[PDB]
Structures are given as C-alpha cells and as structure tokens.
There are 2 protein chains.
Amino acid sequence: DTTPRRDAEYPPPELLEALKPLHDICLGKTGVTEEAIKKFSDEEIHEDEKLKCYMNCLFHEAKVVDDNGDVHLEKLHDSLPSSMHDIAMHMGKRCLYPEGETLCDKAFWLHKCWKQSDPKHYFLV
Amino acid sequence: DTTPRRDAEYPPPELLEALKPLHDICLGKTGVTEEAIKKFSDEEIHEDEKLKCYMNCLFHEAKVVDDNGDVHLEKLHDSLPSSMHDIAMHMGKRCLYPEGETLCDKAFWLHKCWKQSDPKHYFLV
Ligand SMILES: CCN(CC)C(=O)c1cccc(C)c1
Ligand SMILES: CCN(CC)C(=O)c1cccc(C)c1
Ligand SMILES: [Cl-]
Ligand SMILES: [Cl-]
Ligand SMILES: [Mg+2]
Ligand SMILES: [Mg+2]
C-alpha cells in the first residue's frame, strides 16, 4: 500500500514536535510554501527549487550533515525515534549515494528516493 | 549471541560456492594465507596487510565497487542472497562510510566494522 500513513502514532509525534522549530527556521530562510511541503509529503513528488533547499536546510539545522554539508546517513538515523529505525533503514537502503550538483539537489535526491521507496511512511513537515 | 554461526544452512552454501572462484583469484593476487582468512572469519579481528588486500580484491572481482574501486554498498547488498538481506542491513547500518588511505585499508575497515557489529553472522571465505 502506497497511501501516506498519517495518524496519532505515525509520523512519531515527538519527531513532528522536534521538527517544528526547524521548519520555522528553514521555511523563513528559503521562502518555500507550506503548500509545497504538504504536497511533497502527502501527494505527488514535485519539483520546487525552494523546497529542495528547504530539505537541505532541515538536514543542516538538525546537525545530520558532515563537514561539507552532505547528509550523514548514520547521524540522521541516530536522530530519528527508535520506533521508526527499521522503516527508515528500509526506506534508505537503495538511497545511499545522493546525486546532484548542489547540496539542495542532493537533499532533494534523498527525499525523492525515500518517497519512491516507501510512500506510505515517507513524510515531510 | 556473539559466537560465529557455522552450520549446514549458514553461511548460505550457494554463496560459499559462488565465492570459491573469487577466493582462488584473490588469494593468488594478494598472497594472503588460507589460515589468515579463517582466523578473521571465525576467531578474532587481526591486521594482516595481505588479508586487507584480499578483502579489497573480493569486492573488485565480485563487481561491487564504483568507478574508483570503492565499495558500493547497494551493489553489494544486491549480490547477497535474500536470506542474508536483513542480517546485512543491520550489520552495515553503522558501517556506511569506510575510513582509510588505500582501497585495502577501506576494505578492511568495512570487514572489521561488520564483524564488530554482528560477529555471529559475519564470515569471510
Ligand atoms: C543508516 C540508515 N540508512 C542506511 C540504509 C539510511 O539510508 C537512512 C538513515 C536515516 C533515515 C533514512 C530515511 C534512511
Ligand atoms: C544496503 C545495505 N547496507 C546499508 C545499511 C549495508 O551497509 C550493507 C550492504 C551489503 C552488505 C553488508 C554487510 C552491509
Ligand atoms: Cl509521485
Ligand atoms: Cl533488503
Ligand atoms: Mg598475522
Ligand atoms: Mg598502509
């Protein structure tokens, strides 16, 4: 099943809460719309350059990046609730090696790869 | 459970069979001993420089490397039987980013990291 799962247990409320201030920071900086975030989360994969940089910004603000600003998938995994560790692993197992010229391109590459892999459990806020 | 699992079912016999010709090639190329391989597989981590290159050679001969000879973990995962997929996932989840000067160093880094992560299922032939 590919329908996004959105209920009281998933996405983990603690992760949603933790992401709220990072959302404020990154939406402020990039000027992405809330609509574009919601559509990417719950509807079709779509192209929006500010959204790509919004995705990069969340990784940077969450401190899940290396010295070059590239996503460090282990740091990212560590930062997620343990309840979603297995789902996350499977979502990212064919998404190890982002491609793209810029950090925004590579961040978007990751989100798109995850959403293609597990659209039910992929989300973005 | 940290003791190496060695029985008629695991390691998968079909994988051991497929590895045999690669072992012959790579031992010839690198000068590692049969004993050094068995010791690393079943006994303790140890740092034999020819073993490290043997490890690198298997990745090359198995065609699970990128254009620069670095291990491509997705390619590697796809080369393993389904029966090992989950074991390999967990074994590698904190071994994503090898460290080392040479390709032999990085290959050893991976094997050591896998063996530290799951010495029950880690093996080398
Ligand atoms: C270490 C986990 N992993 C390797 C398979 C990942 O790609 C991974 C890490 C964090 C978050 C997501 C969605 C995937
Ligand atoms: C894609 C699987 N993976 C990411 C978690 C790995 O590190 C991985 C891949 C192949 C073989 C082993 C032992 C680990
Ligand atoms: Cl889509
Ligand atoms: Cl798998
Ligand atoms: Mg020795
Ligand atoms: Mg050296």
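We use all heavy atoms of the structure for the numbers below, so side chains are in, but hydrogens, waters and symmetry mates are not. A note on names: the letters A, B, ... follow the listed sequences, proteins ahead of strands, and every chain is numbered from 1.
- Applying the side-chain hydrogen bond (donor to acceptor under 3.5 Å, both in side chains) test to B/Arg6 and every residue at least two apart in sequence or in another chain returns B/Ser41, B/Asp42.
- The 12-atom threshold is not exceeded at NZ of A/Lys50, counting heavy atoms of other residues, nucleotides or ligands nearer than 6.0 Å.
- Of all residues spanning residues 63-76 of chain B, those with a heavy atom less than 4.5 Å away from chain A's heavy atoms are B/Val71, B/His72, B/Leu73, B/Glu74, arranged by number.
- Near-neighbour residues of residues 84-114 of chain A relative to chain B, defined by a heavy atom under 4.5 Å from a heavy atom of that chain, comprise A/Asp86, A/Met89, A/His90, A/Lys93, A/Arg94, A/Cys95, A/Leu96, A/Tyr97.
- B/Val32 and B/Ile25 end up in different hydrophobic clusters when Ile, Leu, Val, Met, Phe, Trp and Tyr side chains are linked at under 4.5 Å.
- One hydrophobic cluster holds both B/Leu80 and B/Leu16 under the rule that ILVMFWY side chains link at heavy-atom gaps under 4.5 Å.
- Other residues, nucleotides and ligands contribute more than 12 heavy atoms inside 6.0 Å of the CD atom of B/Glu44.
- In the displayed structure, B/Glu9 atom CD is contacted under 6.0 Å by at most 12 heavy atoms of other residues, nucleotides or ligands.
- Under the salt bridge (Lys or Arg N to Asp or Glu O under 4.0 Å) criterion, the residue pairs touching residues 18-31 of chain B are B/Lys29-B/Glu61, with sequence neighbours excluded.
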